[PDB]
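# What the coordinates show
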Amino acid sequence: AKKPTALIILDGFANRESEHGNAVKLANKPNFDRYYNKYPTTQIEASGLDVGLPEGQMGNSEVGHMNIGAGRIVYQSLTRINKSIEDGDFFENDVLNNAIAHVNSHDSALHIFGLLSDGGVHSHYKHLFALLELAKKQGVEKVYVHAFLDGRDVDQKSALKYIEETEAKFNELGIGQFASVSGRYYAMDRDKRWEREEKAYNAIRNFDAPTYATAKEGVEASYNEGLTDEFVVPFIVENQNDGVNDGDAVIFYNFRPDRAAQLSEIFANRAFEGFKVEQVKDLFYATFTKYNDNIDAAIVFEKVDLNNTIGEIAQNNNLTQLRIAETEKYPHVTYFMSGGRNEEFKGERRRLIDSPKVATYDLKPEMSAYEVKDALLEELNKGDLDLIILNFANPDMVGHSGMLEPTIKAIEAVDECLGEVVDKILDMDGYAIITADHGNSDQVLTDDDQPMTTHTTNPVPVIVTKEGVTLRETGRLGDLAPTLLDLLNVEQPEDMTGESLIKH
Ligand SMILES: [Mn+2]
Ligand SMILES: [Mn+2]
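Its PDB record attributes the structure to X-ray crystallography, giving the resolution as 2.01 Å.

### Thoughts on the packing of aromatic side chains
The geometry of two aromatic rings is summed up by the distance between their centres and the angle between their planes. Enumeration according to the criterion identifies 26 aromatic pairs in this entry. Centre to centre, the rings of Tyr-125 and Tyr-162 are 5.1 Å apart; their planes meet at 80°, and the pair counts as edge-to-face. Of the two residues, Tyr-125 sits in helix α6 (residues 125-137) while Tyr-162 sits in helix α7 (residues 159-173), which places them 37 residues apart along the sequence. With respect to class, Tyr-125 is no different from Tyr-162; both count as buried. Note on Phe-267 and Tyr-285: the rings are 6.3 Å apart at their centroids and 20° apart in plane angle, and the pair reads as stacked. One end of the pair, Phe-267, is in helix α11 (residues 257-268); the other, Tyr-285, is in strand β9 (residues 284-287), and 18 residues separate them in sequence. Of the two residues, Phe-267 and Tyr-285, both sit in the buried class.

### What to know about the environment of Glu-273
Locating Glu-273 in the fold gives a position in the loop between α11 and β9. For the pair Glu-273 and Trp-194, spaced 79 residues apart in sequence, the C-alpha to C-alpha distance is 9.6 Å.

### A few points about the pattern of salt bridges
Across all of its chains, the model carries 32 salt bridges by this definition. With its nearest N and O atoms 2.6 Å apart, the salt bridge here joins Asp-153 to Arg-184. In this pair, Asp-153 is assigned in the loop between β4 (143-149) and α7 and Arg-184 in helix α8 (residues 184-187), connecting sequence segments 31 residues apart. Take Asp-153: its relative accessible area is 26%, and that puts it in the partly exposed class.

### Comments concerning the domain arrangement of the protein
Taken domain by domain, the protein consists of domain 1 (1-75 + 306-504) and domain 2 (76-305). On a C-alpha basis, the centroid separation for the pair domain 1 and domain 2 is 39 Å. Taken together, the contact pairs nine residues of domain 1 with seven residues of domain 2. Between domain 1 and domain 2, roughly 730 Å² of surface is buried when both sides are summed, and carbon and sulfur atoms account for 56% of that area. The tally of links from domain 1 across to domain 2 stands at zero salt bridges. Between the two partners, domain 1 and domain 2, sit three residue pairs in polar contact. Broken down by class, the residue content of the side of domain 1 that touches domain 2 amounts to seven nonpolar, two polar and no charged.

### Describing the coordination of the manganese ion (ligand 1)
Looking at the metal site, the manganese ion (ligand 1) is ligated by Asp-11 (OD), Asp-11 (OD), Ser-61 (OG), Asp-437 (OD), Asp-437 (OD) and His-438 (NE2), spaced 1.8 to 2.8 Å from it. Coordination at the manganese ion (ligand 1) is irregular: its six donor atoms span angles of 51 to 158° at the metal. Written as a sequence motif, the donor residues of the manganese ion (ligand 1) are D-x49-S-x375-D-H. Taken as an interatomic distance, the gap from the manganese ion (ligand 1) to the manganese ion (ligand 2) is 5.0 Å. Of this pair, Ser-61 sits in helix α3 (residues 61-70) while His-438 is found in the loop between β14 (431-435) and β15 (460-464), placing the two residues 377 residues apart along the sequence. Assessed through its relative accessible area of 0%, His-438 is described here as buried.

The rules behind these values
- Residues numbered from 1 in each chain as written, not as in the entry; some residues may be left out.
- Chains lettered and ligands numbered in written order.
- Heavy atoms only, no water.
- Residues with missing side-chain atoms left out of burial classes, pairs and counts.
- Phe/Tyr/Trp six-rings, centres within 6.5 Å; stacked < 30°, edge-to-face > 60°.
- Helix = DSSP H or I, 4+ residues; strand = E, 2+ residues; numbered from the N terminus.
- Buried < 20%, exposed > 50% of the residue type's maximum accessible area, 1.4 Å probe, protein only.
- Salt bridge = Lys/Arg side-chain N within 4 Å of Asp/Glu carboxyl O.
- Domains from an automatic or database assignment.
- Contact = heavy atoms within 4.5 Å.
- Buried area = accessible area lost by both parts, 1.4 Å probe.
- Polar contact = N/O pair within 3.5 Å; in protein donor to acceptor, adjacent residues only side chain to side chain.
- Nonpolar A, V, L, I, M, F, W, Y, C, P; charged D, E, K, R; others polar.
- Donors = N, O, S within 2.8 Å, 3.2 Å for Na, K, Ca; no water.
- Tetrahedral: all angles 85-135°; square planar, octahedral: opposite > 155°, others 65-115°.

See below:
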């Protein structure tokens, strides 16, 4: 048998001082406790800037497993764009400046499309303000803003505030105006409901829609009819919309593809047939990210491939590896772990265990953890594995139910499985790193005893089952893969910028 090293991710399992609604602390976890008391231990950050998110933003599974596999901080779109604005590269961006040069050279118009909120899931409105400043700096004359209203990633009736602050911006810079206003239900549909999109399109293009003298006025009218932000029926702002015409440019500042793709196909997929259109000629169509492959767009922030993730380094040292998890975390231990790559590395094998088919996992807190554990045992008994990446989904997936007793039971089943897994590894003269990708199950009740159903910003435990070493006192997810390479005695390449948790 080879000596195995395994990373064991207890999804959504973190350190929190309060015991109130804390399923991690209330659960009986004798194996975890035994390993924790015997072996070297620390705590590392899995939220915010430490994993490429905004300060204060709770971690998640996708961002977590990306950072873990990469062994470095993997900047997500919002932070990437924020930082680009802060250090100036944004204002030098080739694609944004070409879009502007198209407008300036045709004396045509610049249109800006996006979700006008600080939700941060699909867009951030401060990126609109940076586009306004760029256009102003480059002397563009006509800027039309097409506002898509949120109400879903922020309070359900908050649009007036973003609109007001945006109006003050147009006045402060002497450029820009709202030309159309649409609920995200219409402009940001993702279920091929082309009829809803056509209403937004018609307002954007000055074709057919209600008109109001101001963005505020249309929104208040909507509110008066009982229709909140998300559902505002698209409208045109009187005298502030001259259509989308040949030679214009569009910049769409949303960075999340799923809900920006459809509207972008309407304008810039020559094959679009959701409804009949006469597409604009000589249109320069820029998207902040690439929404899909059927849109002829210039892409402002291109995807970066990640070289030398843990799986690639393993391959390149002629090691063999296993990725294993039940369904709900299978993409995390595969695609996201490998840096957003579906293809297996040479020497990679995978094990998918079917999750149960229930609407919510409080109905079976053990989920398929026991079958995951049994698969791993069968794999370890083959003796041919160098590296194992395992995820127990339960604490996250049960914790999302906001129910304390089932989340405790989820943890307890995971603890029983952890015991058999980790003892086998130790039986085989191997090493485990036991940790998590962000918190959740550490808090499943608000302070007033209501269900709490979300991840947390709490730091995560690390146990490394190697005797006579000391761990560094803090760190981040991007340090786990360097710790694995340390355990395996494999050289760490320069593009993995994290650092081994084991002191030397
Ligand atoms: Mn997770
Ligand atoms: Mn989750």
